[PDB]
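> Handing you this structure, nothing more for now.
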Amino acid sequence: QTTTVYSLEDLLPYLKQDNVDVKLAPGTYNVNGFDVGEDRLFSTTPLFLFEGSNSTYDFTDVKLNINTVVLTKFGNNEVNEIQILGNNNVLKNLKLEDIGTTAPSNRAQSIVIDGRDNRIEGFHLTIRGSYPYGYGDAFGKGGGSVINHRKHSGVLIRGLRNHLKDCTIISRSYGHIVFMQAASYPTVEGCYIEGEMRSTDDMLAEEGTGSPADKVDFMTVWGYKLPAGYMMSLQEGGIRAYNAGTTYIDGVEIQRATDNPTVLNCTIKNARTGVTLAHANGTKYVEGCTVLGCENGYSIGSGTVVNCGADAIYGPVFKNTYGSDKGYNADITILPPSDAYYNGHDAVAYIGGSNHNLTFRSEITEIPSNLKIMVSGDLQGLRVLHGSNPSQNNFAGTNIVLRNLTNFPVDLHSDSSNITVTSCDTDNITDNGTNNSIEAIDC
């Protein structure tokens, strides 16, 4: 029942057909700049456009090497390596590596999943080639940038009931690693998602070199000179949901927020955020995840984080996004450090909004002197200093259960009220709020 093909050329016609079972034979396949053109293997982007439905594609033992020069071969357009437009497809086991670090002429996204009921499983993706690479988002991630960008993101999940399962996504590119736009009921499950880090002190050491950041005197899009003392990802989000986007299902163009995301059993390392779903609507559910060395652990706005862990070396394990957050239930283990601490945010968690039920658990006994659980107050977060992003800082918290089964101190700011705190120790809790309850628990 399976048709086997032995070249990319012979693969491409099947992507236009429904109800096919296709295998690209084990081997190595190289896409270079000479493969893009009118009489060339790829005359259009997306390179691999899966238009059919009800199809299965086996890429076991396939290594697909795509030279980053290809990101410049389509004019000023966005380039996407793989897009799925049909429904009910399964793509499995591909190892896809971007070769070199050439930046897109405009921007790129490795995989885009539209349609409904598709699954990408067993992929190993290495994403490269973007600009500027080395500053994270300090000089701009959208419009009005201080340094204009050519971003390149990994997997963009859209559509309906789309599933990324058991994949390894390694990014050495400035872009999100896995992100969701206009996606209804997406699921990310069993994935390992990894970026890399650079300190702001190392960025500031470019002074006098003539680098792009040196030429703008390190003035960030946040409205202040880049501060020393933080560790940034060179990527954007590990898993990040958007409140907007465009998708296509069954010939219908759809503009909507992400809704009903589920994240299960993922490990996210060295990204700007581990799991951020606050901008999605519907039910948010996160279970069984591990977040290591990210700038932020979990921010889902409302919903459930259960049986999840994060270390706190570079940023807080938990952050309420806005004072509008309501009904965020979380059970988070503060994991042993994955490297030396370099957390300039001066917090292990920042809590606010209302009607949350939050449990933190840890075996940590060496508590860095600058780290505490904050309920309300003025977070020294890299992107929220000096009034930057004002809705994301300095907000009230009300009617919150805080079970602190850790040795970290807790600081209840004057804008906190009706906080029910239980803690292993209460000697290191400061209470400047209103009608808060503090009670000791045994271990």
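Residue numbering for the sequence shown follows the authors' numbering, starting at 1 and increasing by one per position.
From the three backbone atoms N, C-alpha and C, an ideal C-beta is built for every residue, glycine too.
(1) What number of angstroms, rounded off, separates the C-alpha of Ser199 from the C-alpha of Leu91?
(2) Going along the chain, which unbroken runs of the beta strand (DSSP E) with 3 or more residues stay wholly within the segment 323 to 373?
(3) Go ahead and pull the three-state DSSP assignment for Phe395.
(4) Do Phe123 and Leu96 have their C-beta atoms within less than 8 Å of each other?
(5) Quick one: what does DSSP say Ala213 is sitting in, helix, strand or coil?
(6) With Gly52 and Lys16 assumed to form a contact (beta carbons below 8 Å), what rounded beta-carbon distance in angstroms separates them?
(7) Between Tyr185 and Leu160, is the Cβ-Cβ spacing less than 8 Å?
(8) Whose C-alpha, out of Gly33, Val20, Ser7 and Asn399, is nearest the C-alpha of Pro26?
(9) Using DSSP's beta-bridge definition, name the partner residues of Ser437.
(10) Helix, strand or coil, according to DSSP, for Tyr14 in the structure here?
(11) Comparing C-alpha positions only, which one of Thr72, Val70 and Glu81 sits nearest to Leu12?
(12) Smallest Cα separation from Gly282: which of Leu204, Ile300, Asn393 and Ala312?
(13) Under 8 Å, do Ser417 and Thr434 count as touching if we go by C-beta distance?
(14) By a C-beta neighbour count over all protein chains shown, 10 Å radius and 16 as the cutoff for buried, is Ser153 buried or exposed?
(15) For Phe74, which of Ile84, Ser43 and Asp58 has the nearest alpha-carbon?
(16) Assign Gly140 to one of three DSSP states: helix, strand, or coil.
(17) Could you tell me the distance, in whole angstroms, from the CA atom of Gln1 to the CA atom of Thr56?
(18) Check the DSSP bridge columns for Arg198 and list the partner residues they point to.
(19) Answer with buried or exposed for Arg40, where buried requires no fewer than 16 other C-beta atoms within 10 angstroms of its C-beta.
(20) Would the beta-carbon of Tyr328 fall within 8 Å of that of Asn320?
(21) Measure the C-alpha to C-alpha separation of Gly115 and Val305 and round it to an integer number of angstroms.
(22) Run through DSSP, which three-state label would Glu253 get?
(23) Which same chain residues, not among the five before or five after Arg403, have their C-beta less than 6 Å away from its C-beta?
(24) Short check: CB of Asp98 to CB of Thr126, under 8 Å?
(25) In chain order, what residues of the same chain have a beta carbon less than 6 Å from the beta carbon of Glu439, not counting five sequence neighbours either side?
(26) Using only alpha-carbon positions, find the residue among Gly397, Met219 and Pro132 that is nearest to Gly353.
(27) Roughly how many whole angstroms lie between the Cα atoms of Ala205 and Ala138?
(28) Can you give me the C-alpha to C-alpha distance between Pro46 and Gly238, rounded to a whole angstrom?
(29) When the Cα of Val252 is compared with those of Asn65, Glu9 and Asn87, which residue comes out closest?
(30) At the level of alpha carbons, what is the spacing between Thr430 and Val410?
(31) What residue does the beta strand (DSSP E) around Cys308 start on, and which one ends it?
(32) Sorted by chain position, which residues of the same chain lie with C-beta nearer than 6 Å to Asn389's C-beta, five sequence neighbours on each side aside?
(33) Can you tell me whether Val69 is helix, strand or coil according to DSSP?
(34) Tell me whether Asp415 sits in a helix, a strand or coil according to DSSP, three-state version.
(35) Helix, strand or coil: how does DSSP classify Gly237 here?
(36) How long is the line joining the alpha carbons of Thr273 and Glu9, rounded to whole angstroms?
With the structure as the only source:
(1) Near 37 Å, if we compare the C-alpha coordinates of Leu91 and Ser199.
(2) With a minimum length of 3 residues, the continuous beta strand (DSSP E) runs that stay inside the segment 323 to 373 are 328 to 334, 349 to 351 and 353 to 361.
(3) Correct three-state label for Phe395: coil.
(4) Going by C-beta atoms, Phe123 is nearer than 8 Å to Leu96.
(5) In this structure, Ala213 counts as helix in the three-state DSSP scheme.
(6) Confirmed, about 6 Å.
(7) Contact: yes.
(8) Proximity to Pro26 across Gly33, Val20, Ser7 and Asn399 peaks at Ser7, based on C-alpha coordinates.
(9) Partner(s): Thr420.
(10) Helix, per DSSP.
(11) Of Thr72, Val70 and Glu81, the residue nearest in Cα terms is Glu81.
(12) That would be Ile300, whose Cα lies nearest to the Cα of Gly282.
(13) The answer is yes: Cβ separation under 8 Å.
(14) Result: buried.
(15) Minimum Cα distance to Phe74 is reached at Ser43.
(16) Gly140 falls in the coil class under three-state DSSP.
(17) Between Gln1 and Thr56, the C-alpha separation is close to 11 Å.
(18) According to DSSP, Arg198 bridges with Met232.
(19) Per the 10 Å Cβ criterion, exposed.
(20) In this structure, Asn320 lies closer than 8 Å to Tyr328 by Cβ.
(21) Answer to the nearest angstrom: the Cα atoms are 28 Å apart.
(22) In the structure shown, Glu253 falls within a strand segment according to DSSP collapsed to helix, strand and coil.
(23) Within the same chain, and ignoring the five residues on either side of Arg403 in sequence, the residues whose Cβ sits closer than 6 Å to its Cβ are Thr359 and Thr422.
(24) Yes, the pair counts as a contact, with Cβ atoms nearer than the cut-off.
(25) Cβ within range, chain order: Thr422.
(26) Closest option to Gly353, Cα to Cα, is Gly397.
(27) Near 15 Å, if we compare the C-alpha coordinates of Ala138 and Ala205.
(28) Going by C-alpha positions, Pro46 is about 23 Å away from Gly238.
(29) Of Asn65, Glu9 and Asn87, the residue nearest in Cα terms is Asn87.
(30) Straight-line spacing of the CA atoms in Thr430 and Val410 works out to 6 Å.
(31) For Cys308, the uninterrupted beta strand (DSSP E) run begins and ends at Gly303 to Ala310, by DSSP.
(32) Result list for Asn389: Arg383, in chain order.
(33) Reduced to three states, the DSSP call for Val69 is helix.
(34) The answer is coil: DSSP assigns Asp415 none of H, G, I, E or B.
(35) Strand.
(36) Near 39 Å, if we compare the C-alpha coordinates of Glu9 and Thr273.
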